[PDB]
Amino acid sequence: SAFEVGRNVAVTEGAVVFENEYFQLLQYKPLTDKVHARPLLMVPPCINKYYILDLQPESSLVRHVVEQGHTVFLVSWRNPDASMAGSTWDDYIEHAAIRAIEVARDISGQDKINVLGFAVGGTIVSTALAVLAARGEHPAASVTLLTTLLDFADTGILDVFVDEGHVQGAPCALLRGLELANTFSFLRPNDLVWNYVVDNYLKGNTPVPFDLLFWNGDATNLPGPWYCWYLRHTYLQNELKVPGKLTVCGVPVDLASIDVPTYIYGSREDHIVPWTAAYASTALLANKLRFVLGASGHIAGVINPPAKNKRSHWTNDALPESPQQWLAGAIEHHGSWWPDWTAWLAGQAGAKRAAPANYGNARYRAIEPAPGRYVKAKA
């Protein structure tokens, strides 16, 4: 049977508890009698859709975390239409990332929550917490950055231009539009012919899994100004990592101001987010950092549920400046890195108490079942 969101993918039980123009907040039904006091808010990429994190039941990171006894909230992004063709990077920071933190924290009744980002979700959520810290607000107990670029050095975009030249910016706000985006071709063509040829080639000549291809093919639109800002200030000019260089939502962005315990994950054969580029976050972030390297590629490495006991991962408590030095002292362990992370997350999440009986609270009651209608909208 073909893949269908809400039928055989993204089926972990939950409810939409909040929605605005930019996103729906999902809250998942408890699967345990007790849960940690502090919930986990997941911020997935808005390049493709969130359900790479809740793919099928056996492979779902959401379901796994719920079964370890955490309350999980998740940002399901709107797939923007013409009405959002002028949305900016700042709009997304304020009205989705910061808003989601506020609503999840309100529902939880806790002073602090745990947060997670994946891929550009990690870049987004890190920017949001840096904005909040400059406002004097510290709503996060800890941060998990899965496969996240903060330092974009050596991602390859300028390679073909370095040796042109003789031997001797225009504001993003001026753009409007919706640009198709996907993960595996985010720095590659996105057109009918490329998509046709690449998809057909991979399905017949490689073991790339079909549910990955379905997720990647379920494309999302990026608003013009948002895509412009992201391309300009990260991949091209690499300014987010320069403390105070960028102003976002009225304040300078200094990633060191986040200043909470942070778990930083990358995959060794990942060529979308090089693992050395993820590791470069250890030079930027304050407080107690942990870096963990999973084996294999961009998705295969992150989505490696422990039950199957496949692959491996490396740990090293020392954090030298150079990633090769880190790997030289690292120990390889059999199987999934997920138990390493969930044990770390448990230490950040407070004591276990009786699970909630209902979704949301008086202010934010259930709207409709997870996965929600936003994730079903086509580009």
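Each residue number is its position in the shown sequence, starting from 1.
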| request: Mind giving me a quick count class for deposited residues absent from the model between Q168 and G169? Options are none, 1 to 3, 4 to 9, 10 or more. | output: 10 or more
| request: Would you determine, from the values in the PDB entry, which of 149-157 and 115-123 has the greater average C-alpha temperature factor? | output: 149-157
| query | When the C-alpha temperature factors are averaged for each of 74-82 and 243-251, which stretch ends up with the higher value in the entry? | reply | 243-251
| query | Out of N238, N182, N304, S267, which shows the largest CA B-factor listed in the entry? | reply | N238
| query | Which one, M42, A349, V65, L53, has the peak C-alpha temperature factor per the PDB entry? | reply | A349
| query | Thinking about Cα B factors across the chain, which third does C46 belong to? | reply | lowest
| note | Chain-relative C-alpha B factor for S336 (record values, thirds): the lowest
| note | Quick tally, chain-level thirds of C-alpha B-factors: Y196 sits in the middle
| message | When the deposited Cα B-factors of this chain's modelled residues are ordered and cut into thirds, is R188 in the lowest, the middle or the highest one? | response | middle
| query | For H313, does the deposited CA B-factor place it in the lowest, middle or highest third of the chain? | reply | lowest
